[PDB]
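All remarks here apply to the structure that follows.
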Amino acid sequence: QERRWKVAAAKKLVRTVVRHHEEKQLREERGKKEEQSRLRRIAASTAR
Amino acid sequence: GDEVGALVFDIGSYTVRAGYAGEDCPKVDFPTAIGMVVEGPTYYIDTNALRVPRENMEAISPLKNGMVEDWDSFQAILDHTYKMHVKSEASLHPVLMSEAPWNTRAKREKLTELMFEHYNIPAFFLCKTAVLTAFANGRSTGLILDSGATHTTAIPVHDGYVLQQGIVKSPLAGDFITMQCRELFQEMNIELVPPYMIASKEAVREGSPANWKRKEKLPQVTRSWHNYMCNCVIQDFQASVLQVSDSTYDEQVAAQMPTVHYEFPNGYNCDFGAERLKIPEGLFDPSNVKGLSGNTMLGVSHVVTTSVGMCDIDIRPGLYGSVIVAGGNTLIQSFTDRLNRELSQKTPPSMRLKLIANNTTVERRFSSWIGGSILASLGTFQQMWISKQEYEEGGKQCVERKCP
Amino acid sequence: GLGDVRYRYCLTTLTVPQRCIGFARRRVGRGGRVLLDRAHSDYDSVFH
Amino acid sequence: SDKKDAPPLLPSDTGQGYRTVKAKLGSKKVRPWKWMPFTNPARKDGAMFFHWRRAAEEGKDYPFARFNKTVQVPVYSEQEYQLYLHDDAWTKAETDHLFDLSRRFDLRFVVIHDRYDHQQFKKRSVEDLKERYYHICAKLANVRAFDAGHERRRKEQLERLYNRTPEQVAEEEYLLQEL
Amino acid sequence: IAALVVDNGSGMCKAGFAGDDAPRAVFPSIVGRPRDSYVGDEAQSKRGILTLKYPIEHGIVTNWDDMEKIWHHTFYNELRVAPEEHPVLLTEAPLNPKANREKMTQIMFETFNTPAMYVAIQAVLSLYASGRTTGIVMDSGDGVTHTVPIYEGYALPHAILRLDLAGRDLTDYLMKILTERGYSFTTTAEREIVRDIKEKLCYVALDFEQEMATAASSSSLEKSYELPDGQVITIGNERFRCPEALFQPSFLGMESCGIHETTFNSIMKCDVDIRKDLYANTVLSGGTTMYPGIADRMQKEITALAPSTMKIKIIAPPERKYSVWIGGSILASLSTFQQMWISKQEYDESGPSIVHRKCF
Ligand SMILES: Nc1ncnc2c1ncn2[C@@H]1O[C@H](COP(=O)(O)OP(=O)(O)OP(=O)(O)O)[C@@H](O)[C@H]1O
């Protein structure tokens with residue numbers, strides 16, 4: 001049972017870490033895209 | 001709290017498992033073989049010093065089917081184990097060593113002599129590899145099918161004690177399959193480049209003879225060492241390619257099922273069809289094999305039936321409720337289910353017959369060591385160890401008075 | 001059934017993670033820690 | 001063991017985040033554990049081993065000594081065998097060997113017979129040893145003041161039923177239930 | 001509040017707070033006994049009145065008083081934090097004996113009165129930094145090199161291989177080659193200058209015999225280096241002959257297989273099924289695994305060694321030297337990891353063995 005718990009816990013923890021990394025990368029990509037769109041909207045507001 | 005500073009050594013036919021009691025898995029797993037050079041055993045130990053090619057170095061095995069063949073080489077194996085892998089001087093740690101039930105009692109005595117006198121460990125104990133394999137699964141009533149490289153055996157255990165005379169020994173083991181794939185290589189002409197020379201990968205498509213080059217710096221290597229390394233290569237082949245038919249081997253089914261691909265070290269690659277299914281049938285039926293096919297050869301199902309029958313019915317029903325398969329040869333793909341059907345036919349299903357599930361490489365090879373780890377940390381077991389002050393007479397009288 | 005005397009899993013509900021975990025039985029591992037084992041029962045989906 | 005199911009559930013304190021339990025842990029401290037040598041009273045020879053304990057229980061006693069119970073064995077050396085523990089087929093040597101072995105294997109008769117030395121003594125079946133042990137115990141009880149044959153019939157009945165060839169197994173078991 | 005991530009290297013101790021991207025405190029794991037007691041930051045300056053001991057050899061703690069002092073320095077000087085108020089994440093070399101982990105738990109909870117602790121394998125933390133579910137980790141640390149296969153984050157202990165050469169003995173071999181050059185570096189200070197030379201200069205060649213031919217034909221390999229004593233030297237052929245020792249330990253004189261060969265061995269020791277996935281995910285961690293070009297030399301080597309049918313990918317992020325600490329920080333920052341801490345209650349009731357019940 002301890003081996004089972006440790007395998008399952010290692011699986012869950014490593015997959016949560018992988019999730020952390022993927023969410024982090026998606027957050028940086030989203031931040032770059034949002035900054036681009038924010039500058040575009042400022043340009044739109046001034047042109048408007 | 002039930003633990004002590006116990007080390008569990010489990011030396012089988014292929015690799016030595018050394019680890020601390022309570023550990024889920026053995027700490028280290030390095031092969032039984034060991035290197036030699038001219039002057040005593042001027043030496044090379046594990047998978048890291050046993051593989052680099054060397055000027056006429058020769059490789060031998062201090063073990064054979066589990067019985068010790070050279071106690072000095074065994075002592076040096078243990079010395080390196082302690083020095084590096086466990087890296088703790090042995091003077092403090094209780095140890096329990098696993099010996100095959102058919103190993104001689106005199107060899108147990110001599111092993112105890114070596115252990116206590118030379119290494120001066122403060123405690124000791126012995127318990128058989130089959131006993132430990134059944135120990136891992138928590139089952140008093142169990143039947144064990146141990147099958148390493150050099151021997152395949154079936155042994156029942158009840159009340160934790162082996163039925164000492166109920167031992168079945170069958171050379172139809174990992175080495176049997178390895179010889180079968182060796183003759184396969186010869187018949188269809190695999191040239192077995194050893195990985196330790198190759199320095200280029202001019203690979204080729206299916207069937208073509210791959211190109212490559214041998215490293216100029218290579219020195220001469222004794223034939224035994226090259227034999228060992230190519231044997232390891234074909235062991236990898238055993239693991240990768242071999243597959244076992246669910247039912248009795250048939251040619252049309254064996255051809256129908258999709259082939260599989262294996263690539264060799266030098267870039268040579270080939271596809272296997274019915275031969276890989278045919279080969280383990282040789283274990284399940286020695287007759288079809290070349291040479292090693294006399295009626296004297298006993299297959300897996302016949303082995304289990306013989307082991308079960310030789311013991312009376314006061315425990316045979318217990319054996320029915322649990323069939324435990326361990327060792328290397330049980331890892332051949334779809335071996336366990338084939339064995340299960342085989343016994344379901346051979347052994348009358350009229351009464352309650354169950355297998356016991358265990359699959360992975362950790363669970364089969366090291367189940368012999370896992371049982372030892374279970375014992376070593378057991379609370380009640382702490383009284384059983386042969387102490388040094390006890391050893392003074394125990395190594396002779398109580399190494400049997402105590403360890404059945 | 002066959003009436004095995006040791007595999008006495010049962011429905012259980014925790015308090016902090018208050019939910020019916022399914023078939024689980026209690027055990028003491030090394031160090032005196034009470035562990036709940038579990039089954040992956042075919043009833044698993046019914047516990048929504 | 002298991003049947004390939006969800007992993008075990010373990011006790012934990014730092015569920016949540018060690019911001020809840022910061023206070024419950026900071027206000028207390030641990031009992032100092034030590035690696036201490038002990039000798040189990042269950043050991044006939046006073047050997048000593050190490051293990052982890054609290055340094056306040058050091059050398060107290062080994063709780064597993066209460067598992068060290070053993071079952072009794074009869075005694076005879078020179079005249080009790082002839083006077084009370086009489087025998088006409090078993091020598092004193094064979095009886096003593098069987099008794100020492102039964103203590104070895106704690107009156108677990110099957111593995112007792114399994115060991116029973118077949119080349120220091122003539123062969124015999126498990127139930128012979130069982131009934132002889134019953135006889136010796138009865139004699140000891142008298143001085144210190146269910147049926148083996150049916151068990152042999154057992155062994156043979158089971159052997160016949162199982163050695164039954166598969167087709168006959170099926171046919172008879174049909175005949176078994178029909179009436 | 002924050003969790004303390006203390007990574008105990010084999011000559012380099014890294015510390016910081018969980019969630020931080022880099023280890024704030026990095027100080028050599030030196031401890032010196034006068035001819036008081038001082039640790040690397042001050043010990044390295046106090047050599048004249050001091051004799052220097054290392055508490056970690058080959059990643060396994062040597063003696064526990066010196067390591068106690070290393071941890072005391074870490075906390076109270078480098079981090080200034082109170083151990084009683086922060087959870088502590090400790091990292092230990094793979095294949096650390098049970099007694100050593102238990103003693104680590106004992107030292108932490110008893111002497112430093114930590115509320116919560118965890119001991120994690122360095123290789124698995126490096127994998128966490130890489131961010132791959134399964135992989136094979138080549139960690140040429142500060143005093144030893146470890147090849148660790150990991151499946152689903154579970155390190156396979158049977159397949160882990162130890163080869164007893166790494167940055168330190170490599171620096172010693174560089175000292176050998178540098179004496180061969182005609183210079184002289186024997187003192188501890190001179191040894192550290194050779195260490196700086198190694199950091200600045202050397203690289204792992206793509207081809208050994210080819211680079212011998214190039215060095216013989218061309219003097220371009222020579223580069224100049226400035227010493228503390230004021231003079232200047234030039235380093236050429238040595239820039240890769242010492243790193244070349246990694247793949248041919250015979251150069252060191254050690255009688256074991258090279259880094260790539262040992263990686264092949266470790267891969268073989270694993271189950272055949274997952275070998276392909278391990279091949280796809282090879283992670284280079286550790287201090288001396290960050291030589292330039294080492295990744296490509298490995299790539300070619302284990303493309304040659306491995307079956308050509310399986311894609312070998314070498315993952316060596318630019319800051320792989322701290323990858324173990326970054327993995328520790330990621331692990332300590334996880335909400336799911338918080339349930340894995342060893343609390344004061346659990347040590348009090350279960351003792352040092354608790355480290356094995358929930359902390360592998
Ligand atoms: N995938 C595999 N399937 C089957 N056999 C394998 C596989 N990989 C390796 N083997 C071979 O199987 C054997 C592994 O078991 P091993 O010899 O270590 O058993 P053991 O526990 O020491 O027991 P014994 O006493 O029977 O030798 C070796 O021959 C190894 O070469």
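Residues in the structure tokens are numbered from 1 in each chain, the chains being A, B, ... in the order shown, and ligands are numbered from 1 in the order shown.
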
(request) List all protein, DNA and RNA residues that have any atom at most 7 Å from ligand 1, counting only C-alpha atoms and all ligand atoms, and write the list as JSON, numbers by chain. (result) {"B": [11, 12, 13, 14, 15, 65, 66, 100, 146, 147, 148, 149, 150, 151, 152, 174, 175, 232, 235, 236, 238, 239, 240, 327, 328, 329, 330, 331, 332, 365, 366, 368]}

(request) Pull out every residue of chain A sitting within 10 Å of chain C, counting only C-alpha atoms, and send them as number ranges by chain. (result) A: 1-2, 5

Could you write those residues out with N, CA and C atoms, as a PDB file, in the first residue's frame?
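As a result, result32.pdb now contains:
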ATOM      1  N   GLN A   1       0.822  -1.201   0.000  1.00  0.00           N
ATOM      2  CA  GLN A   1       0.000   0.000   0.000  1.00  0.00           C
ATOM      3  C   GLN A   1       0.860   1.256   0.000  1.00  0.00           C
ATOM      4  N   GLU A   2       1.998   1.229   0.690  1.00  0.00           N
ATOM      5  CA  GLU A   2       2.891   2.379   0.677  1.00  0.00           C
ATOM      6  C   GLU A   2       3.476   2.601  -0.707  1.00  0.00           C
ATOM      7  N   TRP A   5       0.728   4.225  -2.691  1.00  0.00           N
ATOM      8  CA  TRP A   5       0.579   5.633  -2.345  1.00  0.00           C
ATOM      9  C   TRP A   5       1.707   6.459  -2.933  1.00  0.00           C
TER      10      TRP A   5
END

(message) For a quick check of understanding, using only C-alpha atoms, which of B:1, B:41, B:321, B:371 has the smallest distance to chain D?
(response) B:1

(message) I need the residues in chain C that are helix (DSSP H, G or I) according to DSSP; give them as a count of residues only.
(response) 4

(request) Pick out the residues sitting within 12 Å of residue D:140, and hand them over as an NGL selection string; count only C-alpha atoms, and ignore anything fewer than 2 positions along from it in its own chain. (result) :D and (72-76 or 80-81 or 83-86 or 133-138 or 142-145)

(request) Report as a ChimeraX atom specification the set of chain E residues whose atoms approach chain A to within 6 Å, with distances computed over only C-alpha atoms. (result) /E:131,133,152-154
